[PDB]
Amino acid sequence: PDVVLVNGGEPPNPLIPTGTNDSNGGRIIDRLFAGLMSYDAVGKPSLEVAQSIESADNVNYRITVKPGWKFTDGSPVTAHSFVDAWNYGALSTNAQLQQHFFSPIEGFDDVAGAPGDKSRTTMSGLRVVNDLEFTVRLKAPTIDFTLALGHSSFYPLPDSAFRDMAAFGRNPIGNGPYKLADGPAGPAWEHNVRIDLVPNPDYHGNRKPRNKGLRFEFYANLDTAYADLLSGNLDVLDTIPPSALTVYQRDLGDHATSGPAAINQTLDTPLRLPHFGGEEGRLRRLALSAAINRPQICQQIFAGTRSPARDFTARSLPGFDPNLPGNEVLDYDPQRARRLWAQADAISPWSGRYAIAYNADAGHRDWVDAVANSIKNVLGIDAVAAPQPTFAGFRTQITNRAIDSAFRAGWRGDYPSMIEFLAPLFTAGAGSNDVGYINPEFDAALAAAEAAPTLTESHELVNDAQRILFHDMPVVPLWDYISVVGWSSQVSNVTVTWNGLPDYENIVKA
Amino acid sequence: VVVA
């Protein structure tokens with residue numbers, strides 16, 4: 001098998017960049033497209049499809065597109081390929097999960113509040129100048145906007161996409177380093193089984209593949225994946241399962257690497273659930289946080305491969321501070337947890353069951369069982385785990401709001417910015433706000449951080465904003481990741497990126 | 001992205 005075999009999972013949603021907010025779809029999307037910038041293994045952006053990106057003020061942007069780029073259907077990548085895709089993502093009528101990434105652009109409010117009788121379908125701040133040039137006017141200085149231009153929300157789309165976006169999402173056509181295979185025995189995307197990609201011969205950008213293709217195998221169980229790794233039937237496994245964390249070093253030797261990654265994990269309890277809204281719900285979320293022993297779970301369940309949360313972002317990000325005032329809400333304190341739960345009971349006495357739903361295909365069983373048992377023992381309530389088989393179905397129930405319990409969540413960074421760990425999850429309208437948290441004061445504080453002229457002041461304002469999150473506990477931050485990645489004896493040049501994923505394009509296979 |  002010339003192709004590199006790596007682990008993945010069925011995407012919950014069609015393969016439309018602005019419609020993808022999860023890592024299963026994301027790891028495919030990022031192989032199929034090339035954006036204005038591309039990111040290296042440490043998350044630094046470089047010009048890719050853009051010939052230049054100019055802004056002196058973080059408000060006005062002039063973007064020129066390199067000539068000669070095309071999609072795999074032969075059509076050219078133009079300024080329109082970007083502007084039309086961004087307007088599609090921003091328009092509320094299209095219900096794109098990545099809509100919030102367009103929020104800084106002037107005119108976003110015309111298209112995003114709702115479908116509306118607004119009569120406007122495009123953003124006034126986004127203006128084509130010529131076939132290979134467009135300008136962007138932001139509502140306010142936005143410190144991360146340039147950095148974000150390597151993210152999938154901003155990928156260009158071919159003209160055909162807009163005539164039938166459902167068809168596009170089933171069979172995407174991109175401009176990136178790989179393309180969907182022309183499989184010799186069935187479709188490239190075998191739903192719930194695998195996706196096969198081959199190099200795109202048109203592509204001459206910054207991420208040229210060093211291998212002959214990629215096969216993302218959609219494992220139902222990470223123990224199966226680990227067994228395949230040890231037998232050489234899998235080439236790269238980006239998540240060693242809990243059952244192997246005390247053993248992977250002896251099993252794999254120098255074919256496994258570990259390190260902090262900008263990924264976190266949270267316990268999400270929708271504010272719409274019984275006993276979990278209003279001030280009552282805030283007190284109960286604070287109680288849950290005090291009822292969980294993060295150091296102990298990190299040591300025993302994860303064998304030291306998770307680090308207890310100290311904020312709502314991740315230890316490895318620029319500006320992170322593990323000693324923020326008020327972060328004591330993230331310390332284990334059973335007496336405090338019981339006091340807070342009782343104070344919530346003063347509003348309305350608790351009744352029923354507290355269930356933590358999770359996707360069993362990614363090794364969460366041990367920690368969810370431990371957290372549920374900790375809550376049960378500290379607070380004296382009926383707390384249980386509620387496994388579901390697949391990430392795709394689990395996320396679908398979270399997104400459509402069918403899910404009727406608490407559930408695990410967590411963010412893998414898209415670019416290295418604390419703001420990017422907060423805006424998609426906790427601002428009022430964000431598509432990845434799974435719990436219905438709304439606090440206009442937090443959104444305002446975060447906007448102030450985005451408007452800072454320097455990264456230093458911006459980081460200070462981000463952490464100021466996180467004081468509100470310590471008070472509201474919109475979700476319960478658990479820990480951030482020490483990624484552990486293993487690979488077979490048939491591949492080399494395996495680098496783990498800043499956000500825990502293999503650097504797929506650069507893997508080599510003899 | 002939301003993580004598996």
# chains A, B, ... in the order shown; residues from 1 in each chain; ligands from 1
call {"tool": "residues_around", "arguments": {"residues": "residue 4 in chain B", "least_positions_apart": "2", "cutoff": "12 Å", "atoms": "only C-alpha atoms", "output": "ChimeraX atom specification"}}
result
/A:7-12,21-27,218-219,222,238-239,263-266,358-364,389-395,408-412 /B:1-2
call {"tool": "residues_around", "arguments": {"residues": "residue 95 in chain A", "least_positions_apart": "5", "cutoff": "10 Å", "atoms": "only C-alpha atoms", "output": "number ranges by chain"}}
result
A: 18-19, 88-90, 112, 114-115, 431
call {"tool": "write_last_selection", "arguments": {"atoms": "C-alpha atoms", "output": "PDB file, in the first residue's frame"}}
result
ATOM      1  CA  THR A  18     -17.824  27.066   5.875  1.00  0.00           C
ATOM      2  CA  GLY A  19     -20.073  24.219   7.037  1.00  0.00           C
ATOM      3  CA  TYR A  88     -21.980  32.275   1.430  1.00  0.00           C
ATOM      4  CA  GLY A  89     -20.515  31.530   4.850  1.00  0.00           C
ATOM      5  CA  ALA A  90     -21.687  34.807   6.382  1.00  0.00           C
ATOM      6  CA  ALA A 112     -26.019  37.526   9.740  1.00  0.00           C
ATOM      7  CA  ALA A 114     -31.077  36.217  10.483  1.00  0.00           C
ATOM      8  CA  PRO A 115     -32.310  35.563   6.948  1.00  0.00           C
ATOM      9  CA  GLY A 431     -22.145  28.150  15.725  1.00  0.00           C
TER      10      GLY A 431
END
call {"tool": "residues_around", "arguments": {"residues": "residue 430 in chain A", "least_positions_apart": "5", "cutoff": "12 Å", "atoms": "only C-alpha atoms", "output": "count of residues only"}}
result
26
call {"tool": "select_by_dssp", "arguments": {"residues": "range 308-456 of chain A", "states": "helix (DSSP H, G or I)", "output": "ChimeraX atom specification"}}
result
/A:327-330,334-347,360-362,365-379,391-399,418-426,440-450,455-456
